[PDB]
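These notes are about the structure you will find just below.
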Amino acid sequence: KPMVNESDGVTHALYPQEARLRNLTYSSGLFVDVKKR
Amino acid sequence: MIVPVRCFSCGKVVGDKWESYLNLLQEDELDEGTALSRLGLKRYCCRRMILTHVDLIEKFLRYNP
Amino acid sequence: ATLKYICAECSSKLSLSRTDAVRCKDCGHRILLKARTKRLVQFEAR
Ligand SMILES: [Zn+2]
Ligand SMILES: [Zn+2]
């Protein structure tokens, strides 16, 4: 789910309202299980 | 978005009649057309004034700080 | 007695200056507004 990975800070769970004000991008994480072989 | 103090077109105050009107409605269970009439709102200018107002403010209040 | 800022959610007066970041005491919500003026403003009434 959407989140703000800002530096000098953890990672807030971003809500639209804030992205709007702060000029951020209501986006989220793309994870994929790679296989090393 | 609050009740219009006084009617645009003619002048009669209407600032107060809101609560009254909203009451002769849900309680005394009358129909709008009449409720207005009860409230002294004869001619349609002052009449459309109350009958059409959308009291948005009530939502505006449901916000926070 | 005197204020400088405020929090969007936890509407609580702050007051700061350069260096101390721009967050709040308790909830991060790093926004903050800027509280009215002391010199009251006047309005025509028409
Ligand atoms: Zn009228
Ligand atoms: Zn705060």
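We number each residue from 1, going along the chain as drawn.
Even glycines carry a Cβ here, placed using N, Cα and C.
Residues or ranges marked as Zn(2+) binding site in Swiss-Prot: C:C7, C:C10, C:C24, C:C27. Note: C:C10 (Zn(2+) binding site) has non-local neighbours C:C24, C:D26, C:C27, C:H29, i.e. same-chain residues 6+ apart with C-beta under 8 A of its own C-beta.
Annotation comment: Swiss-Prot describes C:7-27 as zinc finger. Non-local neighbours of the zinc finger (C:7-27) in the same chain are 33, 35; each lies 6+ residues outside the stretch with a CB under 8 Å from one of its CB atoms.
Other Cβ atoms within 10 Å of the Cβ of C:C24 (Zn(2+) binding site), summed over all protein chains shown, number 19.
Take the CB of C:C7 (Zn(2+) binding site) and look out to 10 A: across all protein chains shown you find 21 other CB atoms.
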